[PDB]
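Listed next as structure tokens is one chain, alone, in the form solved without 2-(SEC-butyl)thiazole.
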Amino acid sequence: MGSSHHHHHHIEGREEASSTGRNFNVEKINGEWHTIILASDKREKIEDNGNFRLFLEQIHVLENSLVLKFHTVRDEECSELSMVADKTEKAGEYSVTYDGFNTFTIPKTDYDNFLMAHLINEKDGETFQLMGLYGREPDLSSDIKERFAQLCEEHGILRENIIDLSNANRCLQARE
């Protein structure tokens, strides 16, 4: 018998990555975060006073896991919950303790400009693909916000299902 192999090279320039474990940097995403735009197949979910329509906090990068907090109201009263996204046997898919069985991952990690995450929750015999677009700033330009719209169509999430958050901000359910 007898075999042989070869080596590989790396890149220094700015290039995207995924949670799969290929040139991923969590030391960047670490810090004050913000929810630019929320896109997911479920307008009735990410709508006025929805359930997933919550703000993001500063993720705390740990040894292998990372803590994350959100902002959710209750009984017409502002509030916030506590979560902790950890690793699992899966491939580049973290597991966060949510109201129902779900998994938080990161398909497009462009901390340099805008970060992208993909979480799916399957409860009540029903599931949906959730994706929260994040960016170094509290608002993304028309050049970056469009980038996400290119992926939403790939996940089956029509560009129309994209709900703008930068324009929608409130902590009450007041209306006519």
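Residue numbers here begin at 1 and follow the sequence given.
Just so you know, the form solved in complex with 2-(SEC-butyl)thiazole exists too; it's not on screen, but the next bit is about it.
Participant: Give a yes or no for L140: in the bound PDB entry, does one of its heavy atoms lie within 4.5 Å of a heavy atom belonging to 2-(SEC-butyl)thiazole?
Facilitator: No, no contact at 4.5 Å.
Participant: Does any part of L56 reach within 4.5 Å of 2-(SEC-butyl)thiazole in the bound PDB entry? Heavy atoms only, please.
Facilitator: The answer is yes: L56 has a heavy atom within 4.5 Å of 2-(SEC-butyl)thiazole.
Participant: Closest heavy atom of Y111 to 2-(SEC-butyl)thiazole in the bound PDB entry, within 4.5 Å or not?
Facilitator: Contact with 2-(SEC-butyl)thiazole, no.
Participant: Looking at the partner-bound form in the bound PDB entry, is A149 within 4.5 Å of 2-(SEC-butyl)thiazole by any heavy atom?
Facilitator: No, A149 sits far enough from 2-(SEC-butyl)thiazole in the bound PDB entry that none of its heavy atoms falls within 4.5 Å.
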